[PDB]
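Heads up: the protein sequence lines correspond to chains A, B, C, D, E, F, G, H, I and J, in order.
One point on numbering: in full-length UniProt numbering, the residue at position 28 of the first sequence is 29, and numbering is uninterrupted.
One point on numbering: in full-length UniProt numbering, the residue at position 14 of the second sequence is 41, and numbering is uninterrupted.
One point on numbering: in full-length UniProt numbering, the residue at position 172 of the third sequence is 410, and numbering is uninterrupted.
One point on numbering: in full-length UniProt numbering, the residue at position 243 of the fourth sequence is 284, and numbering is uninterrupted.
One point on numbering: in full-length UniProt numbering, the residue at position 107 of the fifth sequence is 153, and numbering is uninterrupted.
One point on numbering: in full-length UniProt numbering, the residue at position 87 of the sixth sequence is 128, and numbering is uninterrupted.
One point on numbering: in full-length UniProt numbering, the residue at position 2 of the seventh sequence is 121, and numbering is uninterrupted.
One point on numbering: in full-length UniProt numbering, the residue at position 44 of the eighth sequence is 107, and numbering is uninterrupted.
Those letters in the ninth sequence? Residues 2 to 73, 91 to 113, by full-length UniProt numbering.
One point on numbering: in full-length UniProt numbering, the residue at position 108 of the tenth sequence is 121, and numbering is uninterrupted.
Here a beta-carbon is modelled for each residue, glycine too, at the ideal position from N, C-alpha and C.
The structure appears below as structure tokens.
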Amino acid sequence: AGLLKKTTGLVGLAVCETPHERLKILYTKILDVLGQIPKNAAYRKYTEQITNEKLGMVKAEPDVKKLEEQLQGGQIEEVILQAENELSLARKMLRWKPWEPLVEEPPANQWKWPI
Amino acid sequence: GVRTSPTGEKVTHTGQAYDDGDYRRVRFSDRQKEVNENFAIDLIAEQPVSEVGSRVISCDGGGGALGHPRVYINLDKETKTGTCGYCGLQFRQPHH
Amino acid sequence: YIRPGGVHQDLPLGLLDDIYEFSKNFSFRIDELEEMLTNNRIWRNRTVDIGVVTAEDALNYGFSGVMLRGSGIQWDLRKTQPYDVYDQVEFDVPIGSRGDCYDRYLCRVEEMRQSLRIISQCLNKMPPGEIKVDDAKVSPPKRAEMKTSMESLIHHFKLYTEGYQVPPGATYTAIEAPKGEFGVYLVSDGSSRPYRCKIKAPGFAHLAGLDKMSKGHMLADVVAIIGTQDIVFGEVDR
Amino acid sequence: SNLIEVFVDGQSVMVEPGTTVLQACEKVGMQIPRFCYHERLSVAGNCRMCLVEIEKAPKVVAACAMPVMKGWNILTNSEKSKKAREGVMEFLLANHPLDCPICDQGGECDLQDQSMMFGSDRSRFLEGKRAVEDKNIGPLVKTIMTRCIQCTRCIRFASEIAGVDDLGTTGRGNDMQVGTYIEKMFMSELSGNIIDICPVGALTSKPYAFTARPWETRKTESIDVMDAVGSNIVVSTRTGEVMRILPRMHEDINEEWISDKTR
Amino acid sequence: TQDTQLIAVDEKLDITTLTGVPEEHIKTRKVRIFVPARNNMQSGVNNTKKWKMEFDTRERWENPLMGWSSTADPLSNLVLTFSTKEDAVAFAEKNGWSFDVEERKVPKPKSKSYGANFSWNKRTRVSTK
Amino acid sequence: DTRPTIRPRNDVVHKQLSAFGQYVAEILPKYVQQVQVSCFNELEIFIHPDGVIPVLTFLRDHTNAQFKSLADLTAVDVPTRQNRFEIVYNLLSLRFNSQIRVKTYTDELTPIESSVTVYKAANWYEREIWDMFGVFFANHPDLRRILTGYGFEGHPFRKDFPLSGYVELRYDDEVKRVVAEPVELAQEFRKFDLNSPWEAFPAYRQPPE
Amino acid sequence: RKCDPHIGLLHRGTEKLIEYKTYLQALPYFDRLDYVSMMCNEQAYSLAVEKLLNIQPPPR
Amino acid sequence: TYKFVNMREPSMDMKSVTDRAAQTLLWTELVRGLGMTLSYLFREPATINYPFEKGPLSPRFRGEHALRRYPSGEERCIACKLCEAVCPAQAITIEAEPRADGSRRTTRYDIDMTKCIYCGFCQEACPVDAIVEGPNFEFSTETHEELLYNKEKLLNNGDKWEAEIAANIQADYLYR
Amino acid sequence: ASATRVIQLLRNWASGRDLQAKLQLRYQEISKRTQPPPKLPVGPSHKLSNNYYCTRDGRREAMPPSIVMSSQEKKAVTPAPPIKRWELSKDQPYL
Amino acid sequence: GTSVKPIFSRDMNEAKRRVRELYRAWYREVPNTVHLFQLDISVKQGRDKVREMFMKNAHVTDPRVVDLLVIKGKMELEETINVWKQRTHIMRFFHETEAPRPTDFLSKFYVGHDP
Ligand code: SF4
Ligand code: SF4
Ligand code: SF4
Ligand code: SF4
Ligand code: FES
Ligand SMILES: [K+]
Ligand SMILES: [Zn+2]
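What follows is the structure, encoded as structure tokens:
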């Protein structure tokens with residue numbers, strides 16, 4: 002999709018020559034881990050909405066140069082970064098499962114700090 | 028205007044006089060005790076008193092901004108002339 | 239000099255001229271630094287490749303300000319969060335290459351050149367205004383009006399006995415220190431005194447990265463490993 | 042019961058009939074700036090600093106004078122109320138002599154504290170000021186009566202409490218002087234208590250006489266010893282000395298004052 | 047409602063063993079709790095809202111050189127602030143300190159009547175205003 | 042500006058900051074007991090000291106938060122409250138140029154799972170928070186002392202530790218070493234009663250109960 | 120391979136001393152906080168304090 | 064706005080390689096480092112000789128304290144006590160009693176000279192600018208006691224450094 | 002600064018840069034240590050009229066921090099409009 | 014409520030177990046710190062001092078606080094095995110400089126009024 006980016010700027014972040022296909026398969030995995038999560042969870046109702054919108058947005062436009070500002074997420078070499086840990090993020094709250102109500106209300110005078 | 032002490036021991040304007048029984052006088056041995064040659068208590072003695080013909084005068088200590096806040100003093104009580112506490116000097120009433 | 243409610247006193251008559259006389263020749267001096275301390279072959283090798291931090295590693299070590307900027311991270315408190323009048327002055331942050339001792343070294347000297355323009359822009363932009371807020375409850379009244387008006391005297395008295403009372407709450411505000419991200423998280427108890435004023439010390443968080451910063455380097459490099467950073471022992475301790 | 046319902050900035054509170062607006066807001070706690078009314082003392086409504094404008098009414102009432110009317114919402118933090126409080130504030134301060142660094146009330150002066158909270162930040166005065174001649178009323182109490190704001194708190198303390206049919210307000214206008222006319226002494230066993238009631242440096246304590254300042258005296262809680270009343274007092278301790286003795290509040294034993302001997 | 051190994055111990059809190067206070071300044075020192083007494087020079091009341099926790103004063107010897115009030119009591123200057131007394135006494139138990147509490151006096155309600163200053167026979171009539 | 046002295050307030054950023062409030066509130070309603078925005082347009086969510094890692098990891102990895110910049114973690118000892126200590130973190134978002142603050146409660150004997158896992162920038166931040174305040178952090182690499190004298194006992198930043206201290210140092214010729222002694226001051230810190238006796242700003246007026 | 124230092128050779132009261140001083144008296148703490156760049160510290164502390172008071176400084 | 068500081072492509076022609084090869088072999092950027100050192104040697108040194116000359120100061124300098132007095136001669140110190148409440152080191156110490164006439168002058172004004180930081184706050188605190196900081200900064204000593212000042216030593220400083228601070232404040236009060 | 006012209010050429014050539022016109026230390030260009038008296042302006046509220054403190058009462062305008070949820091479909095919203103890529107310095111692209 | 018959370022020990026026994034292993038580990042270096050510290054103190058003195066401050070806190074009955082103490086002891090020994098602590102730091106416990114203090118009521122009375 003044009004000249005490969007030899008220097009992405011940020012040191013360490015490599016420049017995968019297959020940014021598009023990596024973005025789609027990654028988004029399938031993040032959509033996968035969003036499969037088992039129940040409907041009522043606010044994680045689903047919010048983050049799949051951005052995911053498929055972005056998954057639909059990356060699929061439509063196949064050129065990297067413009068796609069940097071379609072998703073606005075900087076460069077393509079790091080939009081896979083918060084997405085891949087979003088895949089990780091869904092895995093972490095496959096365990097915490099916090100959509101249940103408060104574990105216990107704070108003490109009566111714990112907050113509200115004029116003293 | 029500094030007076031002397033029994034051990035010489037020039038007593039300051041405040042009145043600090045080290046008694047002959049105080050062990051806190053070796054600090055002064057082989058050294059000198061600093062007292063101010065000028066005494067604020069009697070520097071007001073020679074300062075002239077001025078008769079101003081009005082009920083209340085405002086003192087500023089002179090120097091315009093450089094001085095003391097413009098506190099007023101009442102020149103009606105004959106007795107002793109009204110003294111501006113800020114300035115230390117005193118204004119007189121010419122007895123009308 | 240910098241006090242709450244504006245700077246304490248006004249500039250003397252001619253201080254602006256003195257800045258211009260110095261600033262005129264300053265780039266001439268930093269060039270003298272530049273020639274002998276940058277392209278010197280033995281300065282270059284002792285500053286290139288000698289310790290480097292990648293992007294996410296520096297970001298997750300609490301590095302901030304120049305320390306990220308030399309590692310390629312695009313961020314600067316001056317522009318992203320333009321505190322004070324910073325949104326009216328043009329300057330260029332010195333983002334750099336890989337991010338070794340050399341990389342931030344070029345970033346720092348470039349900051350001085352940019353700081354020279356921030357001086358120059360600010361030097362011919364000085365407006366005919368005041369030095370303190372016109373709220374005597376938080377700013378001591380002018381001495382000329384102090385010895386004339388009672389409200390000044392009372393306000394000066396109370397401000398110089400207990401000071402202004404700050405409304406309760408907490409606030410962490412950081413500015414771009416010339417070393418890193420300098421923030422104070424002071425918490426107000428609704429009194430005339432603070433309650434707890436933990437500092438974000440740029441030296442602190444940047445000393446936190448030393449362990450990873452010195453993976454695999456010689457003992458004589460450690461002093462230079464400190465040198466690319468800024469660790470003032472008076473500041474690291476909170 | 043007879044408790045009438047009256048609002049306070051919208052907040053409904055039940056109040057006893059006859060309770061004044063200042064006392065009406067006392068239960069929730071507002072303490073509208075005051076200079077003449079005192080709790081254990083009668084009311085005059087002279088300083089007009091307690092003036093707070095009452096809702097849906099184009100008139101500012103005195104918080105110490107008008108008790109209540111059914112459901113009258115007190116607008117404590119009203120802009121008009123702040124205007125009225127600010128207006129009288131620069132009024133009584135206009136002729137006050139600039140004595141704060143030289144006045145003993147410095148650091149515990151009500152006039153100083155009000156000017157910082159419910160006060161302005163400047164003066165607009167461009168004329169002269171009045172000066173009042175001091176009248177020595179004892180080697181136990183001061184007289185800097187040029188600082189008097191004519192709150193008439195003292196003259197009540199003479200008429201009541203101590204029972205002395207004594208010092209009042211002579212003259213009038215800007216020259217309204219609160220004194221004794223003839224140089225009559227003030228001997229009463231409760232004379233020393235005339236010191237705390239005065240909100241300004243007009244009447245300060247002669248024995249203390251500029252020995253220290255309030256923002257440094259470590260206060261301790263102890264009991265009067267000289268008399269068997271066992272009065273509650275607050276002892277001022279600085280640098281290892283005792284400078285002045287302040288009465289406490291205990292209701293039955295001492296109300297708010299003490300004898301001259303223990304002061 | 048908490049599965050973080052919910053284990054029950056009575057042990058009225060005694061962090062004193064780890065609070066670091068030396069053994070001298072823990073038992074002999076007395077602790078006093080009450081609310082401020084407003085200085086009758088001042089009609090303000092905001093002080094009398096909180097509960098503060100001071101210690102007992104110790105000896106203050108004069109420094110022979112220039113008359114400093116030298117003190118060897120490290121705790122002579124320590125005033126806390128507590129909303130009520132139950133938390134105040136609670137702080138006295140966790141840092142186990144011989145306490146001495148005192149209930150706060152509250153303004154008794156005075157009956158006020160400006161019309162009483164002008165009565166028909168009542169002594170509340172006042173000859174000056 | 043008709044009011045060039047008071048700080049002009051901003052409401053547009055106040056709105057999305059409020060919007061992000063219930064956002065994070067709804068995502069993890071197990072721990073966020075209270076979300077609070079300040080008049081300085083600062084966001085402060087109130088969480089429980091068991092789910093700090095979930096809420097911290099979520100904020101770090103969220104594509105709609107990316108608050109990867111850990112500013113500082115600190116404590117504010119409030120002895121009045123049952124949980125006197127209060128561990129507080131500050132986070133910054135590079136992409137969203139915004140700062141949010143997490144606040145938790147904790148007592149002397151309630152450990153907190155170490156935040157090194159989420160923000161390993163803090164490795165030294167616990168080393169001082171357990172130093173100055175004494176709050177122990179659970180499952181931590183090395184909770185060591187790096188901000189006080191070697192062998193110092195206690196936690197000086199608490200409100201029970203006096204500012205003067207408990208140990209004073211002097212060189213003695215008997216032992217040829219700088220040996221400890223109980224503190225003894227030539228002059229004592231004159232405690233100042235600065236707090237005003239009259240009511241301050243009426244806004245933060247605690248209602249009586 | 121491992122490099123952890125030991126600091127506190129200049130650990131000082133700072134925050135501990137600050138609580139017993141007022142805001143104005145706390146200003147010198149920041150001036151002496153770091154020993155290299157003084158003015159920029161007062162930039163932070165004044166900005167934080169003026170933020171709490173909701174008072175903006177004059178433009179000059 | 065941003066500006067790259069390190070990225071650069073070296074030219075790869077024979078002349079360019081020879082330039083870089085010569086630079087490493089025949090040390091030219093090294094010699095340049097020596098080149099402008101000689102320019103520094105053949106330059107005037109900025110060495111101020113002392114006590115013969117003096118690095119410039121300003122009429123606002125803060126140094127040795129000196130309690131002044133009125134032109135009539137009376138002490139300016141009113142025992143207003145404010146300097147303590149602002150002194151952030153709590154160096155000063157003021158205690159006063161009614162004088163023989165009654166005008167309160169402090170019976171003890173002992174600036175612990177090794178305590179203060181020369182704030183200028185005490186100057187900014189005094190409503191009668193009694194306590195000032197004299198332009199003197201050369202008042203070192205050999206015993207820790209001589210640093211510990213008192214009321215008399217302050218007054219002597221005021222009477223010794225009297226013309227200078229009277230002139231300095233005269234030319235600086237307008238800014239204040 | 003006072004050196005002869007020949008030696009000035011020596012240091013000029015050894016440095017290659019005009020050290021005469023921009024010599025380091027100060028000379029007869031600084032502002033005179035004596036200066037005219039100043040007349041500092043008045044503040045933004047030094048008005049004797051329509052200037053009640055309530056109109057600028059910036060200390061008490063601070064409200065306790067607002068509450069938007071307490072323990073005691092809508093689209094996802096980002097906390098702040100995300101930043102935009104910075105532009106290369108128009109003055110100079112790279113060093 | 015009174016059902017408090019455990020740091021590492023749910024009861025006295027496991028806390029007592031931790032007390033044993035730190036206390037047992039405390040003299041594995043005691044006869045060697047003095048050797049490395051160039052100290053003038055016999056090994057027995059170190060042993061009994063480790064003993065006597067164990068009885069100094071041998072009074073509490075909550076598993077958490079005693080657990081905090083053993084880790085505090087676990088926070089103490091390695092500070093002097095690896096020569097981090099200096100001479101005066103461990104000499105501080107060995108109370109020699111401090112002035113001898115009275116103990117009885119009469120001797121308290123004779124010295125000064127410091128109850
Ligand atoms: S009584 Fe008057 S002079 Fe004294 S402190 Fe109060 S306002 Fe100032
Ligand atoms: S002397 Fe004091 S108490 Fe008496 S009227 Fe004047 S201000 Fe009020
Ligand atoms: S030096 Fe000035 S401020 Fe200090 S006590 Fe004396 S008069 Fe008051
Ligand atoms: S200038 Fe020095 S003596 Fe004066 S208040 Fe400041 S620190 Fe204290
Ligand atoms: S309190 Fe009502 S007027 Fe004085
Ligand atoms: K009074
Ligand atoms: Zn005068």
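Legend entry - Straight-line gap, D/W256 to F/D234 (C-alpha atoms, nearest Å): Residue 256 of chain D sits at position 215 when you count from the first residue of the fourth sequence. Residue 234 of chain F sits at position 193 when you count from the first residue of the sixth sequence. Roughly 5 Å between the two C-alpha positions.
Inset, instruction - Look at the Cβ atom of C/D341, then the Cβ atom of C/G300, and state whether they are nearer than 7 Å. - result: On the third sequence, position 103 is the one that residue 341 of chain C refers to. On the third sequence, position 62 is the one that residue 300 of chain C refers to. No, Cβ-Cβ distance for C/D341 and C/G300 is not below 7 Å.
Inset, instruction - Express the C-alpha separation of D/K260 and B/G28 in angstroms, rounding to a whole number. - result: Working through the second sequence from its first residue, we reach residue 28 of chain B at position 1. Working through the fourth sequence from its first residue, we reach residue 260 of chain D at position 219. Roughly 40 Å between the two C-alpha positions.
Inset, instruction - Grab the span of the alpha helix (DSSP H) containing residue 12 of chain E for me, first residue to last. - result: Outside the shown range of chain E (47 to 175) lies residue 12 of chain E, about which nothing can therefore be said.
Inset, instruction - Would you kindly work out how many angstroms separate the C-alpha atoms of E/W166 and C/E389, rounded to a whole number? - result: Taking the fifth sequence and counting its residues from 1, one reaches residue 166 of chain E at position 120. Taking the third sequence and counting its residues from 1, one reaches residue 389 of chain C at position 151. Taking C-alpha positions only, E/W166 is separated from C/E389 by approximately 45 Å.
Inset, instruction - Taking only runs that begin and end inside the region 115-147 of chain E, name each unbroken beta strand (DSSP E) of 3 or more residues, in chain order. - result: Runs of beta strand (DSSP E) with 3 or more residues, each lying fully within the region 115-147 of chain E, are found at 144-147, listed in chain order.
Legend entry - Inter-stretch contact (C-beta, 8 Å, three-pair minimum) for the region 286-294 of chain C and the region 330-340 of chain C: Taking one beta carbon from each stretch, the region 286-294 of chain C and the region 330-340 of chain C have 3 or more pairs nearer than 8 Å; the two touch.
Inset, instruction - State whether the region 228-243 of chain D contacts the region 51-70 of chain E, with contact taken as three or more CB pairs (one from each stretch) at a distance under 8 Å. - result: Output reads no: the region 51-70 of chain E does not touch the region 228-243 of chain D.
Inset, instruction - Report the rounded CA-to-CA distance for H/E215 versus H/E137, giving the unit in angstroms. - result: Stepping through the eighth sequence from its first residue, residue 215 of chain H is reached at position 152. Stepping through the eighth sequence from its first residue, residue 137 of chain H is reached at position 74. Distance between the alpha carbons of H/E215 and H/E137 is about 14 Å.
Inset, instruction - Classify E/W114 as buried or exposed, calling it buried when 16 or more other Cβ atoms lie within 10 Å of its own Cβ. - result: Taking the fifth sequence and counting its residues from 1, the one referred to as residue 114 of chain E is at position 68. Looking at its Cβ environment, which holds 16 or more other Cβ atoms inside 10 Å, E/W114 is buried.
Legend entry - Of the residues H/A152, H/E158, H/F105 and H/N69, the one placed nearest H/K178, counting alpha carbons only: Along the eighth sequence, read from residue 1 onward, the residue named residue 178 of chain H stands at position 115. Each of H/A152, H/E158, H/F105 and H/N69 was checked against the Cα of H/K178, and the nearest Cα belongs to H/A152.
Legend entry - the region 106-137 of chain H: positions lying closer than 7 Å to chain I by Cβ: Per Cβ criterion, the list reads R106, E107 and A109.
Legend entry - Beta-carbon proximity of F/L150 to J/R77, cut-off 7 Å: Stepping through the sixth sequence from its first residue, residue 150 of chain F is reached at position 109. Stepping through the tenth sequence from its first residue, residue 77 of chain J is reached at position 64. For F/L150 and J/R77, yes; Cβs fall inside 7 Å.
Legend entry - Within-7 Å CB hit, E/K151 to chain D: By one-based count along the fifth sequence, residue 151 of chain E stands at place 105. Closer than 7 Å: yes.
Legend entry - CB contact below 7 Å: I/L49 versus chain D: Position 48 of the ninth sequence, counting from 1, holds the residue named residue 49 of chain I. By this cut-off, I/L49 is an interface position.
Legend entry - Inter-stretch contact (C-beta, 8 Å, three-pair minimum) for the region 77-86 of chain A and the region 21-34 of chain A: The count of Cβ pairs closer than 8 Å, one atom from the region 77-86 of chain A and one from the region 21-34 of chain A, reaches three, so the stretches are in contact.
Inset, instruction - Compare the C-beta of I/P45 with all C-beta atoms of chain G and state if any pair is closer than 7 Å. - result: For the purposes of this step, residue 45 of chain I is identified with residue 44 of the ninth sequence, where counting begins at 1. The beta-carbon of I/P45 is placed less than 7 Å from the nearest beta-carbon of chain G.
Inset, instruction - With DSSP collapsed to three states, give me the class of C/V323. - result: Looking up residue 323 of chain C in the third sequence gives position 85. Looking at C/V323 - three-state DSSP - the assignment turns out to be coil, as it is neither helix nor strand.
Inset, instruction - Give, in chain order, every unbroken run of the alpha helix (DSSP H) that is at least 4 residues long and sits entirely within the region 70-116 of chain B. - result: Runs of the alpha helix (DSSP H) inside the region 70-116 of chain B: none found.
Inset, instruction - Return yes when at least one heavy atom of ligand 3 lies under 6 Å from the C-beta of H/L218, else no. - result: Looking up residue 218 of chain H in the eighth sequence gives position 155. H/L218 Cβ: outside cutoff for every heavy atom of ligand 3.
Inset, instruction - Could you work out which residues of chain D lie near B/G80, taking near to mean beta carbons separated by less than 7 Å? - result: Position 53 of the second sequence, counting from 1, holds the residue named residue 80 of chain B. For a Cβ distance threshold of 7 Å, nothing in chain D lies close to B/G80: the least Cβ distance comes to about 15 Å.
Inset, instruction - Given a cut-off of 7 Å, decide if C/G244 and G/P178 are closer than it, judged by their beta-carbon atoms. - result: If you number the seventh sequence from 1, residue 178 of chain G lands on position 59. If you number the third sequence from 1, residue 244 of chain C lands on position 6. Contact: no.
Legend entry - C/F420 vs C/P440 beta-carbon contact at 7 Å: Looking up residue 420 of chain C in the third sequence gives position 182. Looking up residue 440 of chain C in the third sequence gives position 202. The Cβ atoms of C/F420 and C/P440 sit closer than 7 Å to each other.
Legend entry - Beta-carbon proximity of F/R48 to G/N160, cut-off 7 Å: The sequence position of residue 48 of chain F within the sixth sequence is 7, counting from 1. The sequence position of residue 160 of chain G within the seventh sequence is 41, counting from 1. No.
Legend entry - the region 224-231 of chain H contacting the region 44-53 of chain B, beta-carbon criterion three pairs below 8 Å: Three or more Cβ pairs closer than 8 Å define a contact, and the region 224-231 of chain H falls short of that threshold against the region 44-53 of chain B.
Legend entry - Under 7 Å from the C-beta of H/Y236: neighbouring residues of chain B: Mapped onto the eighth sequence, residue 236 of chain H falls at position 173. In chain order: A92 and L93.
Legend entry - Cβ-Cβ distance between C/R381 and H/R132 below 7 Å: Counting from one through the third sequence, the residue named residue 381 of chain C turns up at place 143. Counting from one through the eighth sequence, the residue named residue 132 of chain H turns up at place 69. The answer is no: Cβ separation not under 7 Å.
Inset, instruction - Would you kindly work out how many angstroms separate the C-alpha atoms of H/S102 and H/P108, rounded to a whole number? - result: By one-based count along the eighth sequence, residue 102 of chain H stands at place 39. By one-based count along the eighth sequence, residue 108 of chain H stands at place 45. C-alpha separation (whole angstroms): 12 Å.
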